[PDB]
Structure formats: C-alpha cells, structure tokens
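Structural characterization, general
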Amino acid sequence: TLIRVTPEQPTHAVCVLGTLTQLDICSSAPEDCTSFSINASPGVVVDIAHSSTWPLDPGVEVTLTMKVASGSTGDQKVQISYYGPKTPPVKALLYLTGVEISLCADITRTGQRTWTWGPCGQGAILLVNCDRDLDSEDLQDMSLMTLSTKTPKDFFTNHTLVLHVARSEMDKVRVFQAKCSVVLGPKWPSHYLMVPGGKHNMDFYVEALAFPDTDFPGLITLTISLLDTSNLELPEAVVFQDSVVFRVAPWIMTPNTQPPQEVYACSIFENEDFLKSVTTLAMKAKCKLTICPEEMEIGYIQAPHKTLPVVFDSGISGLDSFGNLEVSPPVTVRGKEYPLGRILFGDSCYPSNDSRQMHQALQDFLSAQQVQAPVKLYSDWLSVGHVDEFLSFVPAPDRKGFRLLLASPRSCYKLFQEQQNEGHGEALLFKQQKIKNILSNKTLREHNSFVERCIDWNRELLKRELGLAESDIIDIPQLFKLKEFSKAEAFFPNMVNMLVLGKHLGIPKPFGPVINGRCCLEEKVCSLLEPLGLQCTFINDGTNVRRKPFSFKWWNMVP
Amino acid sequence: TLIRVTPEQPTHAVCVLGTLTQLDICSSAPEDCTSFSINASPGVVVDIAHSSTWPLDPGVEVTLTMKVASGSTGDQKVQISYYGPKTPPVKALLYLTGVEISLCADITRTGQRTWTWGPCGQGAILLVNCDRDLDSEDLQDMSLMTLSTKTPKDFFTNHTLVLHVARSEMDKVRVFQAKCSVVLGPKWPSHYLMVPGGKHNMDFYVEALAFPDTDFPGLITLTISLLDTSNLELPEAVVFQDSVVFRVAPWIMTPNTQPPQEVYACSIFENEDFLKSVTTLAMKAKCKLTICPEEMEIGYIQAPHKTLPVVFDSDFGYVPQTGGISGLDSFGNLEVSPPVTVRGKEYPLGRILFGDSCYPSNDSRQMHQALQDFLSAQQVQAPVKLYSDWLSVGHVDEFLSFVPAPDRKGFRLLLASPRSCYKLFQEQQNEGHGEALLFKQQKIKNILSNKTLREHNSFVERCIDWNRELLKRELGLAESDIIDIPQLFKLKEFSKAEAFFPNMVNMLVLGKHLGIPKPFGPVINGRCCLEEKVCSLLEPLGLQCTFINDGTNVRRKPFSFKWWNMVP
C-alpha cells in the first residue's frame, strides 16, 4: 500500500511484516525539494525499488517493512530531511507501527487457500464432506488453517482483521474455528476476527461440500485483509492483503487389478453353490469375505491426512449402467500418464433416431474429475450394451502388468476346426449340437463376421485410447448369435465377465463340449491364462469388490 | 478397422487412405504355420515392426498404405505368402483399394484434428450468425468445408456415408448443403448423404447459434462416417471415420484508447453549442460523425474472414433476468484496460476492469455474475475486480481512465487525485492571489481553511492508493504512469463519494482530442486554475483539449492482433 505524509503535522501509519509497503515522497512533497537523506531506525527495512544521488524520479518506490510487533500504539516513528542550497532541511514525521499477521495452512501438502494442482506445486487438499458429522477424526479429515498475529495490546482498538472468500466459490468451502463454530461456508463469504492484543492463536479447519463439476472450475481461494480505521465517520480502508492456494479432492473409481481388501456378495441365495467356490477362493486368497449381510460402485477420496472411501449408486437407456462404465488399470496414454486410470465407456458410433449413449451429465461428471479422462467406446450393437461383456482386465504379475481379455469368436472357429480335423468331431455342447453341426451353419459364419467387425472397431479404439499394443490383448473364444432388431448376444454363457479376487479368480463354466471327460474351452482358457501365473476356478455363472486405494495420490499428477 | 484373413478363402476389403492398414496374423493362422512372407513392389510403402524369416511374434506390427487412389476396384494386388516348413506355402490374398477422402477446411486456427491455441495452432474459427439472415452471396462470409470423395461407382449401392454432430452440440452448429436446408442442426443430429459414386465434391456452410458461455468451452466437432451395408438384413458396419473441429468466435470489448471509425450521438438535450463543438472536434479528428436522426459497447468478433462489429447491450450485430436488478451492474462499469503485463501473464487484448467491493459483505455491491462468467469464458480477456464501491455510482471510469500517449508504453492513466488540487491551491495562495472565486462560488482561501474537506479528501486518497496498488499488481502498472488529476470528492447520505465540481476524468474521448467537461473553477490571470494545470501538463506532450458543458458511443478499429494467436 501507499501512505502519504504531511510535513506540518505527524500522521499514523502501519506496516505489516512480510509485505513491502510502498512510500511515495514526491507527489505530497514540500514545495522545494531536490535531495534526500535517510536517517531511520536500525530496525526498519527501508529499501528502494524501481548512493548515486539519483534525482527525484516521478515514480520512485521506497519499500518499508518493520519486524518487531510493538506493545504500545505506534512506538516507532520515522523522519526524513531534505538538504538543498536554498534552506536547511524540512521535517516530516510518520507514526509507524509493526504487526505480524500470518495465515499458514497445509503448505507442504502433508498436513493453502485457492485451488491448484501440481506434483511440485503449492496448495492444500480438501476432502469432500458429503456427510454431516469429533476430536481426532475432525483433526484428521479437515485441513489445517493456523492464524498467528503478534500485536500491541491496544493496536486493535483502531484496526481490524477480516477473513473472506470469493463469492463464486463460497458455496463449496466451509471453515470451523477451534461444538464446531462456523466461520465461513455456503452462507458467509466473509467474517471479522476478534483478536486481542499481544498473542492469540485461533485455529480453523477446512472442508468442502462438492466435487469438481461442470459449474465448478477448480479454485477455492483464501484471502486475509487488514483494515485501517482511525476515524469513526470515514469508511474502512485496506492496508494489507494476502491470497493463496488450495484444491479439492475429486471422486475416483477402482479397477479390478488392485490387491483387494474386502469383497461382498448379493442376495439370490444360490450362494451355497455360488459362494462355496468364492469362499474357498478367498480362503486361498486370504481375503476377508464378509458376504452381503442382508448397482453400487466403490471409490475413494484422499487428502494428506485421510483416505476415506465412498460409494455411489443410481430417461433411462441400457447403456447408462455401470457395467458399461469400466476402469482401466494405471495407464499411460500418449505421454499423459493416468496413474488413476482412464474410465472407458461405450456409446454409439454416430447418433440417429435409434442410437443410445450415456446421459451427458454422467460423462461430464467423469470428465470434471480430470484425474481420469473418460474414453468413448462402442457397445451399442450388443443387445444388453455393456463393455464388460466383451472386455476385461486381469492381474499380470509379469511383463507389462495387466492383461486385457477380449472376446474373439474367430479363435473359437480355429479350435473347433482343429479338433474336428483330429477325428472326433462329435463332441456334445450344452439342445446339443456337434462341432460339424455348428461348422455347417453358413448363417452363423456371416453373423460372426459382422460381430467380429463390430468388435474390431472397439479393439482399435482401445489400442489408441489406452496406449495399448498387440502383446497386451489376449483373445478368449466366444461365439455370437444375433437377435431382435439385429442385436448380438453370446452363444454359450459369457466367459469374459468374472470375479477377480486377486491373482487367482473365478470364471463361469462354459458347459461346452466334452473332450475325454474334459471341456475343451476350459483347457484352452487355462492354457491361455494360467501360464502367465493365474489360477482359474470354474462355476455356474452380483458382487462388489472393494480394493486398496492407490498408493499414488491424485494431487501428484499434472492433468 | 481390423482385417482378418482365413486360409479357407481370401477376403476383399476397402482400405481408405489416412489409416495405417493394420493386419491380423495370429487369430486365424494356419495349424502348421509358424512363419509367413509378403510379396509387393519396392514402391509400396510397407510398414513392418518387429525372406528374413519373420515368425509369429505376439507384437509384430504390420501396417500398409498406398500412394494413389482407386476409382477402379482392385487396381493393386497383395498376396501374403504364408510359408510352412512341411506344408506348401498358403497365400492370403487382398485386392487393395483406396478411395480419396478429403475433409479440407481452414484448419490452422484460421477459420488428431485437435484445437490448440497460439500463433501456430490447428483448428477453425466460425463466426456467430447473430443476425436473422442466396447461395452465391453467403459463400464469402460463411465457413465452407470441402468434402471430396473419389470412390468406385458401385460403392454407394451397399455403402452409405453419414454426416453428424454429437447429441449435445446440434443447437450450436447449422450446416447448409450447397434456401431451406436441414442437414444437421437444431433438430437433426445426423444426415444420410446421397453421394453419387466416382469423384464428387460437396460444400457445407457453417454458422453458429451461441457464444462461448458457462456451459460451453467453445469447441465443437463434426464427423463423417463411412459405413458398410453389403447385407440388407444385418446392421451396418463402420469402415472409416473422419473428424474436424471448430471454435465459436468470442465477443471482444473495445477500450477507450482506440482510433475512431464512427462516432455516435444521442439527442438527449438540444445542446446546440455541444453539438457544434462535437462536430468541429470530429472534423478535427477526421471521423464520420453519424448523428442519430429522431453503454452499448461496440466490439468485434475477429475472424480470418471478416471483422463484423458487435453491439453489446444490457445496426452491426446485436448480442435475461426477470427483474429486481441493481443499477450498478450497467455497462459504464465495465472498462477495458489496454494490453498489459500482470505478474508475468501478458494480455495483448486487454484486461477488463469492473466495479465491486474489496471484500465481500452483506451491503457490498458487485456486477451481475453472468457477465463475469461470460467474460471469463472469453478467456482472451481475463477480468480484474477492483475497489470502486466507495462511490455512489460504482463505475471505474469515474476516477481513472486511459488516454493515448505517444511516449513510452503508449498509454497514460488519469487518476482523480485530491491531493494535487490542494497542492496547487496552496501554491496559488502562497504566491498571493488566493481570493479568486470558483464556479456556488467559493474562495481559494476558504477551501484551504476547510479541514473537513481535507479529511474526506485524504480518505478518498487512501482509497485511490489502494486501487493504485491494485492496478500495479492486477494491471502491472507503475507510479510514474498515473497523472494525479486535480479533482475534489465529497460524501453524502450512506457515506458514498461523489464529484464536487464536474469531473475532468469522466470525459468523452474521440482520439487525441479530449472533450473534457468544464471545471468551472477559480479565475486567475484570465484562465481557470484547473484548466491552467491540465493545459500545462498535457500540452507539453501534444494533446489538445476542448471544454464542453457535459451519451457518445464510439466505434473503433480492432487491435489488428489476431485473437487466435494468444494462449489464455
């Protein structure tokens, strides 16, 4: 700020430690003036920012700061002298006064005011309080704001400290003083602080109320202001202001390759056959299987002090379900490394009167969480319309680190022809049809060509939207047959959707052809999956799999 | 698209140029094959990624493309000679075919296929059809995209081409297929283009319907899809897809420092003397004064086709809340700074400044948020909030304004500073002639013997100092570029500030010629003292001032700096 002084009478000024208070000596100068000498207190930082006896430049900023907060009203005073050849120097007095006002927060991102990203960047992280709540848990889920002012005892008789936020971001932040006392929030964008003289520390804890959205660009700001108030008839004037940086935590979705922590079940009560295999699997996996004690997708928000998990659930189309919403492993797309995955979702290739796609609200919601940029897919030609019915990710403890199982009906034809060319071509599937009875259906060949053509489009679109390669995709046999409105469906029960319970998993049984008392599809999928290092269990086939939240924190990427 | 070859029979396909033709080699491989070979001419651009014994690698990439276009089916032949150790070499066949597909437009931000800002960006700007506006006339002002298809004639009997926009973007693009023409717009998301085979060129004219706003970042995309319908019962299969991207041109405001092209007037009063002075002043400025025969800001949406002037209001181009609004969000509040440099970020197109309070409060006033989010969507001009609620008018131009100056950085900011008025009054009374009458008439010694005025007046100087530091940090200004205009302020009910005598800074500027309202000040030596100072400080630089007893909107030239060359 600027203060201007009149030589005929003393006046009162205030400088805050840390800011360079500008002083102009020329505009309000005495009538005749050409040379200046500074004889000031040793404790005052009086610098010059733009002894060579430089003349009175129009704009010559003299920066002023003082360190030691006083005890009385304006102990320190400053005087200037101006020596010329016309008369002895004239005098000006300034009643200066030091104070210290500091607002420190989670500056190190370890646990400061306007939202900001950055792996090496300044800004605290806010956990979204989508629930309405003490003690340690409050100390550990809200960010830390600490207020420290060193002042003269009677200094705040004529001064005031005010704490405020911008009016566009007022709705989605809230701060408590330390039941909890509301300082700011959706209703109060500003407040005045009651700080007595000397030292008084009042601490604040910060929370949000919403996730990044379309109408929420990505700032929440804080600014501290100092008011000069010496006269009771004039409006309040400002002397000091600081404005700095903190950011909100988004929502996240969890893939099927993380080491699980807790898995669940449903209520169909076929568990005695269903949950027997999965229960023995969890005993093999040493995972804690609390079945459902008695559609729902599991994510987590994180801060430097907490990683509280959350769950979400849901003019309705068949492509809007979360089964059409599948998250890739930690990925790297064209240099942009998404350690939190790229959400993958299916819609049509061109819209028409009959095309289907997601609600734009949901796509924008996943877009606004710029940690996971979504990807458009093509799963409209399929009758149900989900991506999980033809794509899946399974853990890979070697090579690249994750395996994409993709349905491919053309390897099924290869195997069926191969085992028919071995003499025993009368294997019974499931009515029951021979291998010849299926290889002698020309309609199936054309249906298969059409379905594989639709598959390849999605395939290419994953290889470009996930940074994939030919070595990272493995094909599983699955024949397809069309239906009403010429929509595709699987021939035998789907084998690409399955329960990943670790490095060993559960796949539904094919109930297919029997080869010397064994199912050929089963031995093939085991010869294609197990050598990588997995173990597969086969069962007649509702399950939600909570996993360990990522070691990577969302604030360490550059979106 | 992926192409798969089965050893039982060869497969025919159409390979559109622009996609590296990928070949699948593992899913449908022969039962005894472990290696295979290729046969083609040296001129063929064959792309292989690991004769020569190429085995069945899990990640061997095979992409093929051609150096010509085919209007005749299978003008080139490519046999893939799989070779087996104990099996005679089986040969997968593929009669190559390429159609010439061209989606040509103004795609260097000059209206991956993406949009990037900067002087060397990619994209196409479209201008808003804010008018209520045959085929020969609109070809110059509109954006025309050229779709060139060179395909065999028999294609479009079992193939269809489809143009479309997303199911969120229809109401923001209208395309005309070169009166009434609905291709894809407010009601139609897609169009089945009836394209005769052979070689054919197609033109579309594109106009918007909305400016960048809160919900619209500004980018739109248009995609053409090439399908396949060989069978009449099964669904269509996509063969190729191409895309282009546009951005809506955003409205740009106009500062008070740009050369004039058309000055406008309003016959609110008779003001014959004012009118004669204005026409004399405009003839001195050599501008075409268009009197209206019986606020509104005249900007421009600059595009690489035309720079249509834009009328923004609360002819040219004309671009709401039910009620209960406050008067201080009017358009006199929004003033455009010249190009500046703020904390490193440099703004060639200006920094919009407006009226608000320094800290939000219950009695504080601020602009309607709609304009703030609007001009924020205009990422070209990042706004700045200032401390100008301490007046009862709340307009930033009531105490500061930018005048042209051929010296240094080309602009000078007049700030209404109380304290120079008192300084000059002190000097004039010190020299002796301190009893001249002002204007209700009051004396020079009387005001200098008024201390209440010195306190209201010093408080206003404190507010001016705060806003001065704000401009030094939010406009990157300096202390030497601020002329302290002598001007006194007073307070009224609710402690709001007002001008005492007519404000010399709320002046209608029409170039270098300052139409300053008359101060009606003390008379000494023949002239007015405030007039004396303003003539003794501006004239040594070269300005010319005329003092009228004061509704003049001035359309001005564009900055000639293309908006698509800067990074928000």
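1. A closer look at the overall build of chain A
When helices and strands are tallied, chain A shows seven helices and 35 strands. Relative to the globule expectation of 24 Å for 559 residues, the C-alpha radius of gyration of chain A, 35 Å, shows a markedly less compact shape. For the C-alpha atoms alone, the extent of chain A along its principal axes is close to 125 × 50 × 45 Å.

2. Overview of the domain arrangement of chain B
Segmentation of chain B into domains returns domain 1 (21-96), domain 2 (100-248) and domain 3 (260-565). A C-alpha centroid distance of 75 Å is found between domain 1 of chain B and domain 3 of chain B.

3. Examining helix α4 (residues 409-420) of chain A
All names here are of chain A. A rise of 1.5 Å per residue sets the reference length of α4, with its 12 residues, at 16 Å; its end C-alpha atoms lie 17 Å apart and thus fit the reference within 8%. Regarding α4, the residues found buried are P409, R410, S411, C412, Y413, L415 and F416. Against β29 (402-407), α5 (435-439), α6 (442-465), β30 (473-476), β31 (480-483) and α7 (520-529) lie the buried residues of α4.

4. Re the environment of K150(A)
With respect to the helices, strands and loops of the structure, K150(A) is situated in strand β11 (residues 143-151). Distance in space between the C-alpha atoms of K150(A) and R167(A) is 29 Å, their sequence separation being 17 residues.

5. A short note on the domain arrangement of chain A
All names here are of chain A. Along its sequence, chain A is carved into domain 1 (1-96), domain 2 (101-248) and domain 3 (260-556). Taking only C-alpha atoms into account, the centre of domain 1 sits 33 Å from that of domain 2. With nine residues of domain 1 in contact, the opposing surface of domain 2 contributes 12 residues. It is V14, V16 and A69 in domain 1 that bury the most area against domain 2; as a group they hold 48% of the surface buried on that side. On the surface where domain 1 and domain 2 come into contact, there are zero salt bridges.

6. Quick notes on the sheet that holds strand β19 (residues 260-263) of chain A
Residues and elements named next belong to chain A. Judged by pairing direction, the sheet is mixed, and its three strands sit side by side in the order β20-β19-β35 without closing on themselves. Two strands lie at the open edges of the sheet, namely β20 (288-289) and β35 (545-547), each paired on one side alone. The pairing of β19 with β20 spans two bridges and is classified as parallel. By the bridge assignment for β20, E262 is matched with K288.

7. Examining the sheet that holds strand β12 (residues 159-164) of chain A
Residue and element names in this part refer to chain A. A sheet is described by the order of its strands in space; here five strands give the open sequence β10-β18-β17-β12-β15, paired in mixed fashion. Two strands close off the open sheet at either side, each with one partner strand: β10 (124-126) and β15 (190-193). Sheet twist, expressed as the mean angle between neighbouring strand axes with direction ignored, is 30°. Sheet topology places β12 next to β15; four bridges connect them, and they run antiparallel. Each bridged residue has a counterpart across the sheet, and for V162 the counterpart in β15 is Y192.

8. Some thoughts on the interface of chain B and chain A
Interfaces are often described in size by the accessible area the parts lose on coming together. Contacts between the two partners involve 51 residues from chain B and, on the opposite side, 54 residues from chain A. Here chain B packs against chain A, burying approximately 4,900 Å² in sum over the two surfaces, 54% of which is carbon and sulfur. The tally of links between chain B and chain A comes to five salt bridges. Where chain B touches chain A, the interface holds 18 residue pairs in polar contact. Those elements that place two or more of their residues in the side of chain B that touches chain A are β10 (161-164), β12 (190-193), α3 (418-431) and α5 (452-474) of chain B. By residue number, the principal contributor to the side of chain B that touches chain A is α5(B), which donates 11 residues. Its residues assigned to classes, the side of chain B that touches chain A shows 17 nonpolar, 16 polar and 18 charged.

9. A look at the side chain of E479(B)
For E479(B), the position within the fold is in the loop between α5 and β27 (482-485). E479(B) has contacts with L2(A), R4(A), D24(A), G59(A), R468(B), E469(B) and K472(B), leaving out every residue within four places of it along the chain.

10. Observations concerning the nonpolar core
If you look at the biggest cluster of nonpolar residues, it comprises 62 residues, and the most contacted ones within it are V175(B), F204(B), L222(B), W251(B) and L334(B). Among the elements that make up this core, the one with the highest residue count is strand β15 (residues 240-248) of chain B (five residues). Looking at which domains feed residues into this core, each of domain 2 (100-248) and domain 3 (260-565) of chain B gives three or more. Among residues more than four places away in sequence, those in contact with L334(B) are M253(B), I352(B), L353(B), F354(B), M367(B), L371(B) and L375(B). Counting residues in hydrophobic clusters, the runner-up holds 59 residues, among them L147(A), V183(A), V195(A) and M557(A).

11. Regarding the pattern of salt bridges
It is possible for side chains bearing opposite charge to pair when their charged atoms get close. Under the criterion given, the structure shown has 32 salt bridges over all chains. The partner of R555(B) in a salt bridge is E262(B), with the nearest N and O atoms 3.2 Å apart. Because the salt bridges share partners, they merge into one network encompassing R4(A), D24(A), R419(B), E461(B), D465(B), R468(B) and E479(B).

12. Things to note about α7(A)
In an α-helix, one turn spans 3.6 residues; hence positions three or four apart end up facing the same way. For α7(A), the full list of buried residues reads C520(A), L521(A), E522(A), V525(A) and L529(A). Summarising the contacts, the buried residues of α7(A) are in contact with β29, α4, β33 (504-508) and β34 (535-539) of chain A.

13. Some thoughts on the packing of α4(A) against α7(A)
Residues and elements named next belong to chain A. Axis separation between α4 and α7 bottoms out at 12 Å; the angle between their running directions is 120°. Taken together, the axis directions place α4 and α7 in an arrangement best described as oblique. For the pair α4 and α7, the crossing hand works out as right-handed. Of the residues in α7, those touching α4 at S411, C412, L415 and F416 are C520, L521 and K524. A class-by-class count of the residues in the contact of α4 with α7 yields five nonpolar, one polar and one charged.

14. Here's the deal with the packing of α3(B) against α5(B)
Residues and elements named next belong to chain B. Packing of α3 against α5 brings their axes to within 8 Å, and their N-to-C directions diverge by 135°. As the angle between them shows, α3 and α5 are arranged oblique. Residues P418, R419 and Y422 of α3 pack against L453, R454, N457, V460 and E461 of α5. Taken together, the residues that form the contact of α3 with α5 break down as four nonpolar, one polar and three charged.

15. Topic: the packing of aromatic side chains
Scanning the model with the defined rule gives 24 aromatic pairs over all chains in all. A ring pair is formed by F36(A) and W54(A), whose centres lie 5.7 Å apart and whose planes are at 70°; its orientation type is edge-to-face. With a relative accessible area of 31%, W54(A) lands in the partly exposed category. Here a set of aromatic residues connected by ring pairs shows up, and it is made of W251(B), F312(B), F331(B) and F374(B).

16. Quick notes on unusual backbone geometry
The phi dihedral of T53(A) falls on the positive side, at around 35°, and the residue is not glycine. Classification of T53(A) as exposed rests on a relative accessible area of 63%.

17. Concerning the pairing of β10(B)
Residues and elements named next belong to chain B. In β10, alternate side chains face the same way, and those of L161 and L163 on one face and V162 and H164 on the other are all buried. Pairing of β10 with strand β14 (residues 219-226), which is carried by four bridges, proceeds in the antiparallel orientation. Following the sheet pairing, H164 is matched in β14 by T223.

Quick notes on the rules
Residues numbered from 1 in each chain as written, not as in the entry; some residues may be left out. Chains lettered and ligands numbered in written order. Heavy atoms only, no water. Residues with missing side-chain atoms left out of burial classes, pairs and counts. Helix = DSSP H or I, 4+ residues; strand = E, 2+ residues; numbered from the N terminus. Rg over C-alpha atoms; globule rule 2.2 N^0.38 Å. Domains from an automatic or database assignment. Expected span 1.5 Å × (residues − 1). Buried < 20%, exposed > 50% of the residue type's maximum accessible area, 1.4 Å probe, protein only. Contact = heavy atoms within 4.5 Å. Buried area = accessible area lost by both parts, 1.4 Å probe. Salt bridge = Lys/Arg side-chain N within 4 Å of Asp/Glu carboxyl O. Pairing = 2+ DSSP bridges. Axes fitted to C-alpha atoms, helices over the stretch in contact; angles between N-to-C directions. Polar contact = N/O pair within 3.5 Å; in protein donor to acceptor, adjacent residues only side chain to side chain. Nonpolar A, V, L, I, M, F, W, Y, C, P; charged D, E, K, R; others polar. Core = buried A, V, L, I, M, F, W, Y, C linked by side-chain atoms within 4.5 Å. Parallel < 35°, antiparallel > 145°, perpendicular 65-115°, else oblique. Left-handed = near helix turned anticlockwise from the far one by under 90°. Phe/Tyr/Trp six-rings, centres within 6.5 Å; stacked < 30°, edge-to-face > 60°.

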